[PDB]
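Chains P and C, in that order, are what the protein sequence lines are. Under our numbering, the first sequence has 236 at position 225, and the numbering climbs by one with no breaks. Under our numbering, the second sequence has 26 at position 15, and the numbering climbs by one with no breaks. No residue lacks a Cβ here, since even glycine has one placed at the ideal position from N, Cα and C.
Protein chains: 2
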Amino acid sequence: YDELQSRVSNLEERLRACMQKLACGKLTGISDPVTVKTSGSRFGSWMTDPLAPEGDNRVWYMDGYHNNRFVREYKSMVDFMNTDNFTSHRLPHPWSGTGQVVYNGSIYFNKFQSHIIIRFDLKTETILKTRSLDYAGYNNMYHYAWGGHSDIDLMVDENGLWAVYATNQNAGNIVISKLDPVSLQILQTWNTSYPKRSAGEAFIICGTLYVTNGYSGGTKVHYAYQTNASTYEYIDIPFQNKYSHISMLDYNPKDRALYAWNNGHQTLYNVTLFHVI
Amino acid sequence: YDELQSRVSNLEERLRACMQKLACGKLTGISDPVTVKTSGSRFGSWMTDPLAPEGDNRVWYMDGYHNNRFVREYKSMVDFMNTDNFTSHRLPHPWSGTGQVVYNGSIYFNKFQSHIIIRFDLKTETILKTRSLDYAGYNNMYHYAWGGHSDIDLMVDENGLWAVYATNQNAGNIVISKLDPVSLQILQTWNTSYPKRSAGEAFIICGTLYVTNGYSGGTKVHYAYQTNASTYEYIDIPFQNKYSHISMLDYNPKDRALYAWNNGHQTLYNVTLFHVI
Ligand SMILES: *[C@@H]1O[C@H](CO)[C@@H](O[C@@H]2O[C@H](CO)[C@@H](O)[C@H](O)[C@H]2NC(C)=O)[C@H](O)[C@H]1NC(C)=O
Ligand SMILES: *[C@@H]1O[C@H](CO)[C@@H](O[C@@H]2O[C@H](CO)[C@@H](O)[C@H](O)[C@H]2NC(C)=O)[C@H](O)[C@H]1NC(C)=O
Ligand SMILES: *[C@@H]1O[C@H](CO)[C@@H](O[C@@H]2O[C@H](CO)[C@@H](O)[C@H](O)[C@H]2NC(C)=O)[C@H](O)[C@H]1NC(C)=O
Ligand SMILES: *[C@@H]1O[C@H](CO)[C@@H](O[C@@H]2O[C@H](CO)[C@@H](O)[C@H](O)[C@H]2NC(C)=O)[C@H](O)[C@H]1NC(C)=O
Ligand SMILES: *[C@@H]1O[C@H](CO)[C@@H](O)[C@H](O)[C@H]1NC(C)=O
Ligand SMILES: [Ca+2]
Ligand SMILES: [Ca+2]
Numbered sequence: 012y013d014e015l016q017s018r019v020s021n022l023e024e025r026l027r028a029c030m031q032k033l034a035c036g037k038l039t040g041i042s043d044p045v046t047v048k049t050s051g052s053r054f055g056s057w058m059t060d061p062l063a064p065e066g067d068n069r070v071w072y073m074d075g076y077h078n079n080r081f082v083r084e085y086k087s088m089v090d091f092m093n094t095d096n097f098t099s100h101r102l103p104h105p106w107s108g109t110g111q112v113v114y115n116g117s118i119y120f121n122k123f124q125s126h127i128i129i130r131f132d133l134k135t136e137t138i139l140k141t142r143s144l145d146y147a148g149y150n151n152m153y154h155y156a157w158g159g160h161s162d163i164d165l166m167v168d169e170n171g172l173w174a175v176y177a178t179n180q181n182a183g184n185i186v187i188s189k190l191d192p193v194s195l196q197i198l199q200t201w202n203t204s205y206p207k208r209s210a211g212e213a214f215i216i217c218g219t220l221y222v223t224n225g226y227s228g229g230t231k232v233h234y235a236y237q238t239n240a241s242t243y244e245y246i247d248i249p250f251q252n253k254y255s256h257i258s259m260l261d262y263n264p265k266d267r268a269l270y271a272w273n274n275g276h277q278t279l280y281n282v283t284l285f286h287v288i
Numbered sequence: 012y013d014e015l016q017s018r019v020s021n022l023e024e025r026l027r028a029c030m031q032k033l034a035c036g037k038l039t040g041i042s043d044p045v046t047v048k049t050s051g052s053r054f055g056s057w058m059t060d061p062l063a064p065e066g067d068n069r070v071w072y073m074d075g076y077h078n079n080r081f082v083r084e085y086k087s088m089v090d091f092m093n094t095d096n097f098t099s100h101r102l103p104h105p106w107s108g109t110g111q112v113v114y115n116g117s118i119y120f121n122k123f124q125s126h127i128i129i130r131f132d133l134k135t136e137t138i139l140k141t142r143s144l145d146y147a148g149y150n151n152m153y154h155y156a157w158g159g160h161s162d163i164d165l166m167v168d169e170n171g172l173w174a175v176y177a178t179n180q181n182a183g184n185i186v187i188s189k190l191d192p193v194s195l196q197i198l199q200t201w202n203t204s205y206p207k208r209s210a211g212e213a214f215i216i217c218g219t220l221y222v223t224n225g226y227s228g229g230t231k232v233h234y235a236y237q238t239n240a241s242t243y244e245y246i247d248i249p250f251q252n253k254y255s256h257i258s259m260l261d262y263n264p265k266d267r268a269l270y271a272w273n274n275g276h277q278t279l280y281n282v283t284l285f286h287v288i
């Protein structure tokens with residue numbers, strides 16, 4: 012009775028570990044952009060839920076960076092590529108910038124003019140947790156190169172929920188934090204040496220943070236930080252700013268793709284991860 | 012009863028498949044040579060046992076390519092690097108060239124001036140199988156660039172036992188074949204587009220054949236053939252030929268290393284493999 016349970020538990024653990032080890036590597040190439048829709052103002056965000064059961068593919072959409080509390084939900088990708096019909100939901104507080112994420116059926120965003128991370132339910136429409144990001148800048152203090160109140164950037168990867176911000180103690184450099192997806196508590200922090208005001212955008216792939224150089228023109232992935240080894244490396248992986256302005260750029264584990272907001276348009280990039288043995 | 016046994020069998024199959032998919036990949040670089048021993052004539056063949064019981068790291072040594080029938084049984088690497096004591100075992104027939112292999116508990120070799128593959132026991136000292144390679148050249152008609160009656164090359168990888176030869180029907184190009192480790196029967200054959208007489212050496216990592224361009228001077232991995240997709244590609248992977256003339260270069264999956272014979276010296280290379288996800 013107990014021996015077979017131990018055997019199946021070991022089997023599940025080994026399957027999970029081996030499939031996670033084969034899941035990702037290091038990025039080496041970014042594909043050409045693919046445009047889905049043209050809507051909204053030049054600044055905004057759009058994403059999908061990674062931990063969603065297959066067959067939902069609900070696209071969440073947000074327009075504006077200063078004063079907005081309306082989020083759009085499209086019931087399918089085909090309902091977002093062509094159909095202009097959506098469901099509008101109202102947030103208790105307006106967000107700042109495009110550094111919001113959707114994960115585990117809830118939206119993580121930043122409160123207006125404050126360093127407060129808020130978890131909001133998109134199904135029950137209620138509030139659970141409103142925590143404070145310890146030692147983080149707000150109100151265009153440590154924004155990206157394009158600005159627009161992007162001081163806090165929330166993302167997810169195969170390991171969980173991460174927040175990229177900057178600390179006055181760490182000059183103005185990029186600081187990575189791993190957050191509990193329930194209590195929004197600090198688990199582990201990595202303090203890098205790349206300034207956030209000269210970044211423009213950043214994303215995380217399964218534990219490695221890739222930081223862009225600029226936002227318009229010759230955009231390229233300039234910086235890489237490995238939190239497991241706590242090391243850094245200057246790369247030169249290039250991509251293409253087709254519409255000459257990038258405001259949001261996030262990595263979505265399930266689709267293994269980079270969702271991007273290109274000058275008021277919704278675009279996708281494809282990553283090329285390699286593993287060395 | 013049956014359900015848990017089926018679950019255990021599925022767990023074993025998935026573990027084996029996932030560890031084999033995480034094992035090897037496309038070769039990307041070769042490290043500097045490491046010399047272990049200096050003995051014998053300029054041409055010879057030394058190799059280890061991939062599928063061996065733990066605690067049996069016995070190396071196998073052979074000198075000459077024409078009429079020698081004595082093999083050496085240095086029981087340990089420390090007993091081979093420094094100790095000059097060995098056990099000499101006789102063969103029923105002398106070998107041709109430096110292309111032989113030691114797999115599991117037997118040795119596969121070629122029988123004098125014939126296209127005959129012989130399986131010989133290194134413990135019971137008898138013959139179980141002696142077959143003929145179909146349409147394979149012999150007696151210095153489809154040798155390597157260095158000659159020396161290396162018309163048939165035998166190697167092992169994570170998939171099993173492979174033979175590289177050449178066929179009159181396929182001009183003088185390299186032909187790969189998968190052999191049964193027990194019955195020495197042809198399982199599947201692959202046609203490549205690289206002539207064998209201009210090759211010099213070849214080795215298989217896992218289902219991919221890498222072919223060198225020369226034997227003394229500027230040596231590099233020049234050709235690659237994927238038998239799973241049956242596609243060829245010309246690559247440029249230099250490796251350093253420290254001691255001029257090379258005679259044998261084979262791959263060991265257990266150590267994941269290239270064993271080589273460089274002008275009477277025994278050398279080791281540690282390979283680097285990468286996988287794209
Ligand atoms: C995604 O959300 C579900 C639902 O909230 C999480 O399921 C919880 O799992 C924990 C432990 O596995 C249980 O203690 C909770 O009771 C579950 N929730 C409910 C409502 O039953 C799931 O863990 C979340 N995903 C991740 C990665 O945390
Ligand atoms: C966050 O980054 C800051 C910036 O360097 C780190 O602060 C330094 O920490 C070392 C050792 O802890 C001290 O010797 C320095 O005096 C600190 N500098 C300043 C300006 O206070 C901090 O350690 C980092 N946090 C973590 C968890 O690594
Ligand atoms: C390597 O050799 C061992 C034994 O020398 C092989 O083990 C045999 O396995 C089969 C089925 O798995 C049994 O029917 C035999 O009885 C085993 N041999 C002995 C002597 O007991 C092993 O299969 C060989 N490896 C490969 C890949 O074929
Ligand atoms: C390897 O190449 C040889 C020569 O190109 C092939 O032999 C020919 O096979 C075709 C069938 O596809 C016959 O029509 C020809 O008559 C054969 N040529 C000769 C000279 O006999 C051989 O079949 C190839 N092997 C494989 C596995 O594709
Ligand atoms: C190279 O491979 C050999 C094989 O045993 C061993 O010494 C070790 O794994 C490697 N040596 C290095 C990397 O110095
Ligand atoms: Ca981002
Ligand atoms: Ca060889």
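At a cut-off of 7 Å, would you count residue i as near ligand 1, judging by its Cβ distance to the nearest heavy atom?
i, result
"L62(P)", "yes"
"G218(P)", "no"
"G40(C)", "no"
"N115(P)", "yes"
Does the beta carbon of residue i fall short of 7 Å from some heavy atom of ligand 5?
i, result
"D266(C)", "yes"
"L284(C)", "no"
"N281(C)", "yes"
Using a Cβ-Cβ cutoff of less than 7 Å, which residues in the same chain neighbour residue i once the five nearest sequence positions on both sides are dropped?
i, result
"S117(C)", "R130, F131, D132, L133"
"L144(C)", "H126, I128, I163, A174, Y176"
"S52(C)", "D74, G75, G275"
"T137(P)", "none"
"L195(P)", "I128, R130, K140, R142"
"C29(C)", "none"
"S227(P)", "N252, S255, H256"
"residue 309(C)", "Since the first residue shown for chain C is 12 and the last is 288, residue 309(C) is missing from the structure and cannot be characterised."
Report the rounded CA-to-CA distance for residue i versus residue j, giving the unit in angstroms.
i, j, result
"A34(P)", "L62(P)", "16 Å"
"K37(C)", "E84(P)", "43 Å"
"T49(C)", "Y270(C)", "14 Å"
"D90(C)", "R69(C)", "9 Å"
"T59(C)", "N115(C)", "10 Å"
"residue 304(P)", "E212(C)", "This structure leaves residue 304(P) out entirely; chain P is present only between 12 and 288."
"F81(C)", "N281(C)", "29 Å"
"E169(C)", "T94(P)", "52 Å"
"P44(P)", "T283(P)", "14 Å"
"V287(P)", "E14(P)", "36 Å"
"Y146(C)", "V112(C)", "21 Å"
"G171(P)", "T242(P)", "20 Å"
"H160(P)", "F285(C)", "41 Å"
"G148(C)", "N121(C)", "12 Å"
"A182(C)", "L190(C)", "22 Å"
Following a CB-centred definition, is residue i positioned closer than 7 Å to any heavy atom of ligand 2?
i, result
"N181(P)", "yes"
"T238(P)", "no"
"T278(C)", "no"
"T178(P)", "yes"
Consider the C-beta atom of residue i and the heavy atoms of ligand 7; say whether any pair is separated by less than 7 Å.
i, result
"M73(C)", "no"
"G110(C)", "yes"
"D168(C)", "no"
Kindly examine ligand 4 and report whether one of its heavy atoms sits closer than 7 Å to the Cβ of residue i.
i, result
"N202(C)", "yes"
Identify, in the order they occur along the chain, each residue of the same chain with its Cβ nearer than 6 Å to the Cβ of residue i, setting aside the five sequence neighbours on each side.
i, result
"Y72(P)", "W57, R83"
"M259(P)", "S56, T109, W272"
"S87(P)", "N68"
Would the C-beta of residue i count as close to ligand 3, meaning under 7 Å from any of its heavy atoms?
i, result
"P44(C)", "no"
Could you tell me if the beta carbon of residue i falls within a distance shorter than 7 Å of some heavy atom in ligand 6?
i, result
"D261(P)", "yes"
Counting only beta-carbon atoms, is residue i nearer than 8 Å to chain D?
i, result
"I41(P)", "Reference to chain D is not applicable here, since the protein chains of this structure are P and C."
Note to self: Any contact between the region 178 to 186 of chain C and the region 97 to 110 of chain C? By contact I mean 3 or more CB pairs, one from each, below 8 Å.
What the structure shows: Cβ pair count under 8 Å is below three, so no.
Next item on the list: Kindly confirm or deny that the region 149 to 156 of chain C and the region 202 to 217 of chain C touch, where touching means at least three C-beta pairs closer than 8 Å.
Entry: Yes, since at least three Cβ pairs between the region 149 to 156 of chain C and the region 202 to 217 of chain C fall closer than 8 Å, the two stretches touch.
Next item on the list: Please list the residues of the region 260 to 285 of chain C that have a C-beta atom closer than 9 Å to any C-beta atom in chain P, keeping them in chain order.
Entry: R267, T283, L284, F285
Next item on the list: Select from the region 198 to 220 of chain P all residues with a C-beta closer than 8 Å to any C-beta belonging to chain C, and list them in chain order.
Entry: Of all residues in the region 198 to 220 of chain P, none places a beta-carbon less than 8 Å from a beta-carbon of chain C.
Margin query: Give me the subset of the region 217 to 250 of chain C whose CB atoms are less than 9 Å from a CB atom of chain P, sorted by chain position.
Written below: none
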